[PDB]
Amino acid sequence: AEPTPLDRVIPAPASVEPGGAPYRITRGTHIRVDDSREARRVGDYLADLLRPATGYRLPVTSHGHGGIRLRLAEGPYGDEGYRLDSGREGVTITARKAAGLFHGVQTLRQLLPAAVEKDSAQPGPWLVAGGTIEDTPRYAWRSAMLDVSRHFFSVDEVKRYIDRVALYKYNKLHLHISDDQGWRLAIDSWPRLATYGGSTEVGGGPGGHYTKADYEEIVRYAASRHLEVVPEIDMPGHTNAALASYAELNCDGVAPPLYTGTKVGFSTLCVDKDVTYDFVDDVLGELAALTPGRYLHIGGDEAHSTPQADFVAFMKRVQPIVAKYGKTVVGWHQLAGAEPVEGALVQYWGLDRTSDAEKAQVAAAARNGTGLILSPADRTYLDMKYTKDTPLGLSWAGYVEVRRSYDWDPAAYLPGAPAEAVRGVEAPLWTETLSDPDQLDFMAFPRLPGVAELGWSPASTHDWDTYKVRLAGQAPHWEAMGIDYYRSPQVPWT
């Protein structure tokens, strides 16, 4: 075997300087970490990845021989970057914080042969190409969304999806935990939302919800994968589950039935009833107590049954509730037309046919200093069909093949918005049509690593013809990990 080339990694690393003979992990290699819990956690994570396929003991130690060295040190790598040095003497990953060590490990696993992901002992050799990678991200907002409201996904399925996104240096997990078809978090001040509002899902299945303990475990697990959880309570539209659970929240005071279909636009909270804000205050307060992350997403899309002036007055009242609990507002880009507060981010989900006036409104807010998360429906929506023949997913945004999802520049995308306003990107996975985790993987892969690269990699590394060869190189690893994926004909799979 020869080593996988040092640059064959997604995201493309910011700097790659290949040179010298490779490191070879052998029966005597140790994983040497600084003397601390933060250090041992990353070392034990790495050992868990490497022990099954190598069959080596790979002790995590703070003394002795090393071979794979994980070290924290001051340096120019910021909060999330790292340097990886590899040669005959060993592999050393250096960073300022545990998050850059963890990022360096996600790089190290792609450098290693695909057999590394197997769950039993495999022949070597275990080669890491020689040279130096120095790597820091282009954008700080690099996120993946999972809709657990349309179809429910369990704590264990969400942890499996966290492990998918952690491969590619995503650092935010947006969980869409409420919509018309379900409410997915126990709220003590409004107990019916989860108990009744969570009792079904699209298609009339058993639905589900996270207890407070379940939600804490999802947050703790994602943190151990350096993902900051960004929960969304969508409002004032996409609220049927909440309205069905509490008659008083409805303008007419009558609870609609639980909804199991896939239409949108029809539900609204009652903007002129004060009890609506008792409900928002209580839910956001309880969600904030469970959210160590900095952001609360209040949604704001498809409020088609809410008059514009009511939508504006609603967001005027609700956004300060987020600041009252010490968090920052994120909304879908409809919020740009309703006075985003200072610090608020908007998430653009539009597409090429979105009207010019609507695009100009979002760009106006960006010029006004509103930060922008880009997730265009005809680029990074992972539920969008690849072609007319994809058996799952939607096509309201057109067909989105692998090249189209990758081949754009978040810095030069929305006309009239400054580059400086772009906080980063997100890849959302909506679940109207997806009800099991193998289906999630088929729709998420192979576009998911592409959005991760847009978030992470320098613009100077961006290039379809050479990226598609790095993407083809992931397939053997996916196959060893058991990850289903769409074998696009645009990619030169080996």
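So that there is no doubt, residue numbering starts at 1 and follows the sequence shown.
Peer 1: In the PDB record, does 202-210 or 265-273 carry the higher mean Cα temperature factor?
Peer 2: Averaged over C-alpha atoms, the B-factors run higher in 265-273.
Peer 1: Taking the mean of the C-alpha B-factors per stretch from the entry, tell me the winner out of 419-427 and 115-123.
Peer 2: In the deposited entry, the stretch with the higher C-alpha B-factor mean is 115-123.
Peer 1: Of the choices 104, 293, 191, 369, which one's C-alpha carries the largest B-factor in the record?
Peer 2: Max CA B-factor in the entry, restricted to 104, 293, 191, 369: 369.
Peer 1: For the C-alpha B-factor as written in the entry, point me to the maximum among 469, 42, 440, 448.
Peer 2: Across 469, 42, 440, 448, the entry lists the biggest C-alpha B-factor for 42.
Peer 1: Among all modelled residues of this chain, ranked by Cα B factor, put residue 480 in the bottom, middle or top third, i.e. lowest, middle or highest.
Peer 2: For residue 480, whose C-alpha B-factor we compare with every modelled residue in the chain, the answer is the highest third.
Peer 1: Comparing residue 386 with the other modelled residues of its chain, is its CA B-factor in the lowest, middle or highest third?
Peer 2: Middle third.
Peer 1: If you rank the chain by CA B-factor, which third does residue 135 end up in: lowest, middle or highest?
Peer 2: For residue 135, whose C-alpha B-factor we compare with every modelled residue in the chain, the answer is the middle third.
Peer 1: According to the PDB entry, is the CA B factor of residue 174 in the bottom, middle or top third of its chain, that is, lowest, middle or highest?
Peer 2: For residue 174, whose C-alpha B-factor we compare with every modelled residue in the chain, the answer is the lowest third.
Peer 1: Ordered by C-alpha B-factor within the chain, which third holds residue 343? Give me lowest, middle or highest, please.
Peer 2: CA B-factor rank for residue 343: highest third.
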